[PDB]
């Protein structure tokens, strides 16, 4: 599969034609205030430098593989372990977030993909209710170099070629996300690439993460994908809610 053309994703995986897909357009006025949505809790995200982590250009994103021991809870008894994180972005003067807010597309987006502690492996969790959970935050331009992001972005030149990888020192993985874990939207949807399995709990933070202009340009201008193509605009079009109601943790 690829962004932009064939093969049609439903031929790759029938689940890509499900009724309840991601990403979606978030309309805050239509979101349901749900006070059971408590602040997200992360444990073990502050990593030592060794052992190193693998950072890979997989042709459709840059993905950092996360080690064992990163625990995340959506609430009491809703426990998960982090597997990996990756990014979605646009191109010179064009935004490339997956989720939108009232039609607004943000420059870029981070996804941190987690596996329910009830499952030993991802393949067993695919399509099961709440088997996977993704934390999603928008990346916007701020005035300062983001030092946590710089640790990844400074290494993209080493992995410019499709299918290449490098090792990076461990870092505070929570520093790639907003400091506000209280205010967010949450809904049930799908993986945004094949196999597009449903039952995924998506949490999209209110607060955004700030990268420099230079950093955003590095993200979108360094990596190459399938063929001789720049790896850019690597986002799926928004999918209709089709009757799902997005919940918000704040009125």
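Numbering follows the first chain given and starts at 1.
- For the segment pair 182 to 190 and 213 to 221, the entry gives 213 to 221 the higher mean B-factor, averaged over Cα atoms.
- Taking only CA atoms, the mean B-factor in the PDB entry is higher for 222 to 230 than for the other of 43 to 51 and 222 to 230.
- In the PDB entry, the Cα temperature factor peaks, among 79, 140, 172, 165, at 165.
- You'll see in the entry that, of 86, 155, 99, 114, the Cα B factor peaks at 155.
- Residue 240: CA B factor lies in the middle third for its chain, per the PDB record.
- Annotation for residue 59: C-alpha temperature factor in the highest third relative to the rest of the modelled chain, per the entry.
- Per-chain ranking of the deposited C-alpha B factor places residue 75 in the lowest third.
- Per the deposited record, the Cα B-factor of residue 145 falls in the highest third when ranked against the other modelled residues of its chain.
- Placement of the Cα temperature factor of residue 69 within the chain: middle third of the modelled residues, per the deposited record.
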